[PDB]
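Beneath this line is the structure, given in structure tokens, with notes to follow.
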Amino acid sequence: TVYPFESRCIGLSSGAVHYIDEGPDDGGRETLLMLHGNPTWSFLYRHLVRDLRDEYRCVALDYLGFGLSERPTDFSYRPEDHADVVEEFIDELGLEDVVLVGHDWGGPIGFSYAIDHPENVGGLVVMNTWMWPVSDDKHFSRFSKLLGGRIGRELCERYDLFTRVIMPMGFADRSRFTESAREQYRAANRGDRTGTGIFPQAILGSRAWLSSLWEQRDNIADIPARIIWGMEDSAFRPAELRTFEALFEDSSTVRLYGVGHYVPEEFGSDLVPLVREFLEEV
Amino acid sequence: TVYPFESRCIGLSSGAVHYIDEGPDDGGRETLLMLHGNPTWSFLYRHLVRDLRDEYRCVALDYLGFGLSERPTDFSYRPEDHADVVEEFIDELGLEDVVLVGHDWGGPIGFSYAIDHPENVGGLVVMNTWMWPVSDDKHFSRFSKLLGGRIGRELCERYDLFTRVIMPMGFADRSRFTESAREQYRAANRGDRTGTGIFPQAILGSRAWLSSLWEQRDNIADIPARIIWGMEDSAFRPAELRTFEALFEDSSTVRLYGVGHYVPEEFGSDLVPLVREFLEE
């Protein structure tokens, strides 16, 4: 009722993935690929997909271990493996020219794709992301340590902490977190919670990867971009917003008010125009 | 005994300033200008000046309302006015080609000089600075609100909070905060404490200025630079360190261990080589 969109599935060498694919299959137009955050599903972008659909092909991907995708028992939830999932997916769908849209963890993954394959990137839109090692922001660091490590995994697997508490925590307005959205995020089972439990640990251990991506920003600078930041966000500070603008040449920042971490769900109605303007301009 | 360096004074249109000026007066060599943080004096860089002196002319400036400088009763402690103090000072001393070194508040001020007059800047070294509006770092924001506003001013003027507590708070190793350093910082009088009390408020209200400087970074990018960051700092996060490196073309970051906010005092012995290498390269 809420998610009427056509759903499809790709078998990848590391496991099958679910995706949403709206708009024409006649790919004479640019494709936009959406990458979700944690513990979210591609459903996070239901509104964004709905409206962008009539102008651009819109594809949204569920990461392995999340959403409606396969969860190999040996999958390592390193950003490197998530990047490989995205890369193979883009090739499997024939998506030769793609604008990437990423949120939270999806930021660094879309960014990484663009670093490795800038040739196939038609532009980048990032929102409330985890790009760059986070060393100074004590809010995140304290949560990362609690939600990471052994205790992290146990908290996620035993209590679904990451969905029952942390998800609402990231909303400036929890009345927009509809029961259906809450159900689908909580629909993930106990085994799926392992991938979620690992995520913040992956950030703590992926600092070398994030640092490498930062160093390669001078090359990603040739790809047009937009950075969306909520005024009440927890994953990104205005200091970072300004620093990223200073480095990522040919980019622009957007500040959204009355919005937290989960921007596309609370303010999808503003995100749509921001993305459409980007897609129209370049 | 601790600060043997020759001291001089310039009358500026906004008040007189004190400065340290070491090395030859025969300016056939590059000059390095050091800008202090808060509530510090140019004494912060005594070690850095001592060693750089024999290779480069070293000048260190006390900001109006701080150190051994004049405190006009109408001085506005906006970064804009501090930048004008630095600009006029550089012109008054004939310092035609200057490498700027800034810490804390001195960061944005040296940076601003470079934005307005990149032509006179031989390079930039910044350490634990307040560049860019700070919106996400709740540690600073909570202190800014406490140390800023009316209560901020009262806390500084009545209790010298900013020197008795905040200064030691910024050290990873307080045993390096010698009694002489402690005395000189605390030597500032109650009226001088007003300038100090305003500082964090100036940051909260100067966000437009800091934002403008950030936007002009694409032009400052033509000036070689180094960014020094303490692993236990409170004014700057590694996220920012990485972002600044990404934007400031022709720059490099340095991470110092076992050091807090007041880097040149705790680890002056590492800062000297970092600055000398920059100046040699």
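Respectively, the protein sequence lines represent chains B and A. Read in the entry's author numbering, the first sequence has 47 at position 22, and its numbers run on one by one without any break. Read in the entry's author numbering, the second sequence has 30 at position 5, and its numbers run on one by one without any break. C-beta atoms are modelled at their ideal positions from N, C-alpha and C, and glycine is treated no differently.
Taking CB atoms only, residue 162 of chain B has a neighbour in chain A less than 8 Å away. The segment 68 to 86 of chain A and the segment 111 to 120 of chain A touch, with no fewer than 3 CB-CB distances between them shorter than 8 Å. Non-local C-beta neighbours of residue 27 of chain B in its own chain, meaning closer than 7 Å and more than five positions away in sequence, comprise 71 and 205, ordered along the chain. Counting every other CB atom within 10 Å of its CB across the protein chains shown gives residue 138 of chain B a total of 16 or more, marking it as buried. Here the alpha carbons of residue 280 of chain B and residue 217 of chain A stand approximately 38 Å from one another. Against residue 272 of chain A, the close residues of chain B are 268, 271 and 272, in the order they occur along the chain (beta-carbon pairs closer than 7 Å). In the three-state scheme derived from DSSP, where H, G and I count as helix and E and B as strand, residue 248 of chain A is classed as coil. DSSP places residue 115 of chain A in the uninterrupted alpha helix (DSSP H) bounded by 104 to 117. Within its own chain, the residues whose Cβ lies closer than 6 Å to the Cβ of residue 172 of chain B, once the five positions on either side in sequence are excluded, are 225, listed in chain order. Across the structure, residue 52 of chain A and residue 82 of chain A are spaced so that their CA atoms are roughly 8 Å apart.
The CB of residue 30 of chain A never comes closer than 8 Å to any CB in chain B; the least such distance is about 34 Å.
Collapsing the DSSP output to three states places residue 243 of chain A in a helix. According to DSSP, residue 46 of chain A shares a beta bridge with A:84.
Residue 129 of chain B places its beta carbon 8 Å or farther from that of residue 157 of chain B.
Burial check for residue 45 of chain B: the Cβ neighbour count within 10 Å reaches 16 or more, so the residue is buried. With a 10 Å radius around the Cβ and a threshold of 16 neighbouring Cβ atoms, residue 258 of chain B comes out buried. Going by beta carbons, residue 60 of chain B and residue 174 of chain B fall outside the 8 Å limit. Using beta-carbon distances, residue 242 of chain A counts as an interface residue toward chain B, with a partner under 8 Å. Taken atom to atom, the span from the alpha-carbon of residue 192 of chain B to that of residue 102 of chain A is near 43 Å. By the beta-carbon neighbour count (other beta carbons within 10 angstroms, threshold 16), residue 256 of chain A is exposed. Spanning the alpha carbons of residue 185 of chain A and residue 219 of chain A requires a straight line of approximately 10 Å. One Cα belongs to residue 269 of chain B, the other to residue 268 of chain A, and the distance between them is close to 5 Å. Collapsing the DSSP output to three states places residue 212 of chain B in coil.
Around the Cβ of residue 222 of chain B, a 10 Å sphere holds 16 or more other Cβ atoms; the residue is buried.
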